[PDB]
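Only one structure is covered here, and it is reproduced in the block below.
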Amino acid sequence: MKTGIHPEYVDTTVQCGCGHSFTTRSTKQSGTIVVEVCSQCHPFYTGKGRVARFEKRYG
Amino acid sequence: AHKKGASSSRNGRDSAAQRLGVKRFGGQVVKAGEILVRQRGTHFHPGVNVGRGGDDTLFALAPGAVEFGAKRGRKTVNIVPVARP
Amino acid sequence: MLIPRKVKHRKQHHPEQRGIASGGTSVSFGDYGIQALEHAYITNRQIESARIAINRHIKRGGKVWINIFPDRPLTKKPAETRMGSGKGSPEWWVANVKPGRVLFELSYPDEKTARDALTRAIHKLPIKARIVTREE
Amino acid sequence: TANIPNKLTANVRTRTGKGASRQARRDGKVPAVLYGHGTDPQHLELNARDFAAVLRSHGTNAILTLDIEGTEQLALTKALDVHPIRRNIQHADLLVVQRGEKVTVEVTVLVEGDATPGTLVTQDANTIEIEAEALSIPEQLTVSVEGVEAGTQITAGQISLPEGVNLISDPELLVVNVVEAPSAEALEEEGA
Amino acid sequence: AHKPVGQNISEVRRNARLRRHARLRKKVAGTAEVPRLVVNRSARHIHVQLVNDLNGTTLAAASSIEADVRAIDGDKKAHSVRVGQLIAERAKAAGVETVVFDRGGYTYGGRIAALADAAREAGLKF
Amino acid sequence: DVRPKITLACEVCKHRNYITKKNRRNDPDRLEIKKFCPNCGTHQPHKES
RNA sequence: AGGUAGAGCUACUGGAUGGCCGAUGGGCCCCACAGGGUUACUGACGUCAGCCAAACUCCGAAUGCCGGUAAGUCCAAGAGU
RNA sequence: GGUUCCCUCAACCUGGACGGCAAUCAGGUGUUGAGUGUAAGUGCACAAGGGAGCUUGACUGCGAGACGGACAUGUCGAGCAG
RNA sequence: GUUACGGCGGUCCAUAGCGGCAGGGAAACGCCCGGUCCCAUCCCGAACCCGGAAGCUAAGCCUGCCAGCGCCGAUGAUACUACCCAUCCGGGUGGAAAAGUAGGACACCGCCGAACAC
Ligand SMILES: [Zn+2]
């Protein structure tokens, strides 16, 4: 692997709303990201806030 | 028929003959540096004790007698070291 | 009239007229055929006259094959001019014929009409010929 | 098929070449070659009138019984050299055979019958390859065209063969192609 | 049943090495007075020969298969130096001093270079 | 003249030693080449005159 | 050492006859798209059989040419350099 | 251009966002049908074809031996020294 | 000296190639495991390079048998040809193809080195 031409590639972790967690390596210098739909969340992988205001007005 | 026009030929060119060919045949005794074959490409490839010129001309690298052989489908020209009497 | 769609070299030497035919000396498609007996150049204007004489004599039935095609050109230079100053332009197309070569073929149900239909075509060619069949 | 072989007399050639074959043919003989599995070529001479007599009544694949200097040999006619103009027999290749030996032989096919009146019968393949034993080669295989109408193809796979005869040529050759009779407007459009 | 689709990496390596070995042979030839030095580097051992191409016969040949070479506790490069010294002794004992190096289709460097540098240090001139 | 004739002179003794041609549009600047100079007896830089 | 005469081409470059196969299109019905088939068809690709060429060749002589050797003519070719 | 090292094309089939016969990508068949600045011919896949690093021999004094030739011209060349 | 063994070569470089079937891991030849060290990618430890020894003969390699495709190919006959006869035909002496037929063929030879044995 060459020295300078490549960008940074540092460890990171991923936290998702379903309680699932990751620990991988990537180029995100922040070292941690948040994801709102993951493999565990998606309905298609599980076999299955517009509405917030919509229910906050009508009910 | 009785009507006539003007006609001519646009051909009529050629270049000088180059005198290319084999100059020393099999069995001939040659000196060192003697031209053997004149050619364009490598129709004949060099063998043992034979070089190649700038224009693909094969000459003898050592005195001896000319031999014609083949090596993996390539027509080669070789020099054999005739023994001293 | 038959003309090739294209040829590489348009002005060529005269075809040689020596020897007997090396191949194509037997009937392969039809039942009857015409076999040449001497050398000549057969122009495309005599091939078209020969195959119309066959068609008219048999009227409706039967099929006609032509085994020779006018590939080779002959050049004629302009009339009433001296010798030299180039070479003439091609004027007509010929087919080098040698003895033994089969020119035309025909497959017709009967014999008399089929055999007489070929004789009418022979009288249109500048050579001598004969009628041949598939038997030995 | 049971065939009775034909007796012939063969003489060993004293000379060979083109100056000695022309003398042989000018005399009334034909040069011949008797090779075969025995690894034993022989240059012979057969009478021209007699050799052509059996060929006229037994096909090209005749079974010969050559009498070479008093012995008897069984031979098969392999190839014939025929002049294009004079229709001579300039040569004859003969192959030694034995009884019960399977030989690949190319026999001829004859079409017979009268199809639909408005149809034209055309034959494409003149001969087909046939495997049979040395004494059972059919001298002719016939195919019948009767009641056949319009576009129809009697492929080589439908040709009946005598028992004990195999088929070397594959069943894909087109032997007879029967089609509609060409009209007078179709004879003019062809060949122009 | 199973049937591989493409060439293995062993198939590619074997005949691409000989493809660039025969390319090298266009100039390097072995004479009885100036023999030709072959080397066959492998993942395990290394071999050398002293070849004469006019006769098609080899004169001397050292290798790392010998039980004496395996006694060395160094790495593969350390095993290559000893082979580079064994061949020099056997070549000089046969009256050979000048040779020509035939690297065999490998990159000159590492175990290939360590063998040649030890034979140059031990008498052979190339 | 697209490809004019140019002369190369040694940078030490300034002797015209060679003559050649270059494209004056591909290479607009004076050519710089190391050439053997017999007068000096060694290889010296040469420049277009 | 050739590449002429000859021959050969499913061995290259071109020419080119008759069948079979049937993609693609053309035209039509398939109620319009899409959604299956039919033609005396232009019918590619493939294949069976018969061919042609000074500037085509998978091939290929006879002569001719270069060199060596043994003799022949040798009171002559009235020879070669 | 010199030199050292490395590679095999064209065409076809199948799968892919624009993308189509035909752009970039992947796999397979593929022995020369591609390419060689420029006409044609003889060659080149062992590559003379494609890629990369360093460079100027696109030198000086010479040149045994030959090709070809009415002459004047023209062509090849191992090898020695710097 | 023996072996289903490993290198380096050869032959007017396929009679040796393509394909199909069935088999081998003693030492070697390989796949294989990694990227700390020399070294490397116009991106990638895929390749080149280095350090190793868990698994495997599934591939390369090697062995035996098949004539389907390629390759070689007679004898004889013919085409052609040199010289010579021959008043427009043709013939004699010498040479002799291409295609095709019978057939051959799943290579042969040499120098080293391994393990076993002596
Ligand atoms: Zn100077």
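Note that the protein sequences, when read in sequence, are chains 3, Y, O, X, Q and 5. Residues 1 to 48, 56 to 66 in the authors' numbering are what the first sequence lists, from first letter to last. Mapping the second sequence onto the authors' numbering, position 79 (from 1) lands on 80, and the numbers just tick up by one. Mapping the third sequence onto the authors' numbering, position 88 (from 1) lands on 88, and the numbers just tick up by one. Mapping the fourth sequence onto the authors' numbering, position 37 (from 1) lands on 40, and the numbers just tick up by one. Mapping the fifth sequence onto the authors' numbering, position 72 (from 1) lands on 73, and the numbers just tick up by one. Mapping the sixth sequence onto the authors' numbering, position 8 (from 1) lands on 13, and the numbers just tick up by one. Backbone N, C-alpha and C fix where the C-beta goes; we use that ideal spot for every residue, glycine too.
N41 (chain Q) beta carbon near ligand 1 (any heavy atom closer than 8 angstroms)
Working through the fifth sequence from its first residue, we reach residue 41 (chain Q) at position 40. For ligand 1, not one heavy atom lies less than 8 angstroms from the Cβ of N41 (chain Q).
Closer than 9 angstroms by beta-carbon distance: list the chain X residues that pair up with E48 (chain O), in chain order.
Numbered from 1 along the third sequence, position 48 holds the residue referred to as residue 48 (chain O). The contacting residues are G194, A195.
Where does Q86 (chain Q) fall in DSSP's three states?
Here the question's residue 86 (chain Q) lines up with position 85 in the fifth sequence. Helix.
Can you tell me which of the three DSSP states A27 (chain X) falls into?
Sequence index remark: in the fourth sequence, residue 27 (chain X) carries index 24 (1-based). Helix.
Can you tell me whether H57 (chain O) is helix, strand or coil according to DSSP?
Within the third sequence, numbered from 1, the residue matching residue 57 (chain O) stands at position 57. If DSSP states are grouped into helix, strand and coil, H57 (chain O) belongs with the helices.
Taking 6 angstroms as the limit, name every residue whose beta carbon sits nearer than that to some heavy atom of ligand 1, in sequence order.
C15 (chain 5), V17 (chain 5), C18 (chain 5), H20 (chain 5), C42 (chain 5), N44 (chain 5), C45 (chain 5), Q49 (chain 5)
I'd like the list of long-range same chain contacts for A13 (chain X), defined as Cβ closer than 8 angstroms, with 5 residues on each side in sequence excluded.
Numbered from 1 along the fourth sequence, position 10 holds the residue referred to as residue 13 (chain X). Correct list, in chain order: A35, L37, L47, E48, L49, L69, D70, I71.
Rounding to the nearest angstrom, what Cα-Cα distance links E104 (chain X) and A137 (chain X) in this structure?
By one-based count along the fourth sequence, residue 104 (chain X) stands at place 101. By one-based count along the fourth sequence, residue 137 (chain X) stands at place 134. Computed Cα separation, rounded: 6 angstroms.
Mapping DSSP to helix, strand and coil, what is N44 (chain O)?
Stepping through the third sequence from its first residue, residue 44 (chain O) is reached at position 44. Reduced to three states, the DSSP call for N44 (chain O) is helix.
Are the C-beta of residue 139 (chain O) and some C-beta of chain X separated by less than 9 angstroms?
What the structure shows of chain O is the stretch from 1 to 136, and residue 139 (chain O) is not part of that stretch, so it cannot be assessed.
Kindly indicate the opening and closing residues of the alpha helix (DSSP H) around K6 (chain O).
As a working note, residue 6 (chain O) is residue 6 in the third sequence. Segment: none, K6 (chain O) is in no alpha helix (DSSP H) and carries neither H nor E.
According to DSSP, which residues form a beta bridge with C16 (chain 3)?
Within the first sequence, numbered from 1, the residue matching residue 16 (chain 3) stands at position 16. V35 (chain 3), per the DSSP bridge assignment.
Measuring CB atoms only, is the region 98-110 of chain O touching the region 75-89 of chain O, in the sense that at least three cross pairs come out at less than 8 angstroms?
no
Contact set between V97 (chain O) and chain X, taken where Cβ atoms lie within less than 9 angstroms:
Here the question's residue 97 (chain O) lines up with position 97 in the third sequence. Result: empty, since nearest Cβ-Cβ is about 13 angstroms, beyond 9 angstroms.
DSSP has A23 (chain Q) in a bridge; who is on the other side?
Your numbering for residue 23 (chain Q) matches position 22 in the fifth sequence. DSSP output for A23 (chain Q) lists no bridge partner at all.
Which residue's Cα is closest to the Cα of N12 (chain Y): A129 (chain O), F29 (chain O), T113 (chain O), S85 (chain O)?
For this step, residue 12 (chain Y) is matched to residue 11 along the second sequence. Among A129 (chain O), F29 (chain O), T113 (chain O), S85 (chain O), the Cα nearest to that of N12 (chain Y) is on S85 (chain O).
What span of residues does the alpha helix (DSSP H) with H61 (chain X) cover, start to end?
In the fourth sequence, counting from the first residue as 1, residue 61 (chain X) sits at position 58. Where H61 (chain X) is concerned, the enclosing alpha helix (DSSP H) stretches over 51-61.
Using the beta-carbon count (16 or more within 10 Å), is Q35 (chain O) buried or exposed?
Working through the third sequence from its first residue, we reach residue 35 (chain O) at position 35. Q35 (chain O) is buried by the Cβ-count criterion.
Identify which residue in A51 (chain X), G62 (chain X), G22 (chain X), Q76 (chain X) has its Cα closest to the Cα of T130 (chain X).
Within the fourth sequence, numbered from 1, the residue matching residue 130 (chain X) stands at position 127. It is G62 (chain X) whose Cα lies nearest to the Cα of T130 (chain X).
Does the distance from the CB of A62 (chain Q) to the CB of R91 (chain Q) come in under 9 angstroms?
Residue 62 (chain Q) sits at position 61 when you count from the first residue of the fifth sequence. Residue 91 (chain Q) sits at position 90 when you count from the first residue of the fifth sequence. In contact: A62 (chain Q) and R91 (chain Q) (Cβ atoms closer than 9 angstroms).
List the residues of chain O whose Cβ lies closer than 9 angstroms to the Cβ of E191 (chain X), in chain order.
Counting from 1 along the fourth sequence, the entry for residue 191 (chain X) is found at position 188. Going along chain O in sequence order, the residues near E191 (chain X) (Cβ under 9 angstroms) are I52, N55.
Are the region 19-33 of chain Q and the region 175-193 of chain X touching, with three or more C-beta to C-beta distances below 8 angstroms?
no
Going straight from the alpha carbon of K2 (chain 3) to that of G111 (chain Q), what length do you get?
Position 2 of the first sequence, counting from 1, holds the residue named residue 2 (chain 3). Position 110 of the fifth sequence, counting from 1, holds the residue named residue 111 (chain Q). Between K2 (chain 3) and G111 (chain Q), the alpha-carbon positions lie close to 21 angstroms from each other.
For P70 (chain O) and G88 (chain O), what's the separation of their Cα atoms in angstroms?
Counted from its first residue, the third sequence places residue 70 (chain O) at position 70. Counted from its first residue, the third sequence places residue 88 (chain O) at position 88. Distance between the alpha carbons of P70 (chain O) and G88 (chain O) is about 19 angstroms.
Compile a chain-ordered list of the residues in the region 83-112 of chain X whose CB is closer than 7 angstroms to at least one CB of chain O.
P87, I88
Are the C-beta atoms of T119 (chain X) and some chain O residue less than 9 angstroms apart?
Position 116 of the fourth sequence, counting from 1, holds the residue named residue 119 (chain X). False, the Cβ-Cβ gap to chain O never drops below 9 angstroms.
Helix or strand or just coil, what does DSSP make of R35 (chain 5)?
By one-based count along the sixth sequence, residue 35 (chain 5) stands at place 30. DSSP places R35 (chain 5) in coil when its eight states are reduced to three.
Any chain Y beta carbon closer than 9 angstroms to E105 (chain O)
On the third sequence, position 105 is the one that residue 105 (chain O) refers to. No, because no Cβ of chain Y sits closer than 9 angstroms to the Cβ of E105 (chain O).
Cβ neighbour criterion (16 or more within 10 Å) applied to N44 (chain 5)
As a first step, residue 44 (chain 5) is located in the sixth sequence; it is residue number 39 there, counting from the start. The residue in question, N44 (chain 5), is exposed, as its Cβ has fewer than 16 Cβ neighbours within 10 Å.
Nearest residue (CA-CA) to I92 (chain X), options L98 (chain X), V99 (chain X), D84 (chain X)
Along the fourth sequence, one-based indexing puts residue 92 (chain X) at 89. Its Cα nearest to that of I92 (chain X), the residue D84 (chain X) stands out among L98 (chain X), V99 (chain X), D84 (chain X).
Whole-angstrom Cβ separation of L79 (chain X) and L97 (chain X), contact assumed at under 8 angstroms?
Within the fourth sequence, residue 79 (chain X) is the residue found at index 76, counting from 1. Within the fourth sequence, residue 97 (chain X) is the residue found at index 94, counting from 1. So it is a contact: roughly 7 angstroms between Cβ atoms.
Check the Cβ of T81 (chain O) against every Cβ in chain Y and list those closer than 7 angstroms, keeping chain order.
On the third sequence, position 81 is the one that residue 81 (chain O) refers to. Going along chain Y in sequence order, the residues near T81 (chain O) (Cβ under 7 angstroms) are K5.
If we count Cβ pairs, one from each stretch, closer than 8 angstroms, do we get three or more for the region 9-21 of chain 5 versus the region 41-59 of chain Q?
no
Throw me the rounded Cβ distance for the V30 (chain Y) and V83 (chain Y) pair, which I believe falls under 8 angstroms.
In the second sequence, counting from the first residue as 1, residue 30 (chain Y) sits at position 29. In the second sequence, counting from the first residue as 1, residue 83 (chain Y) sits at position 82. Confirmed, about 6 angstroms.
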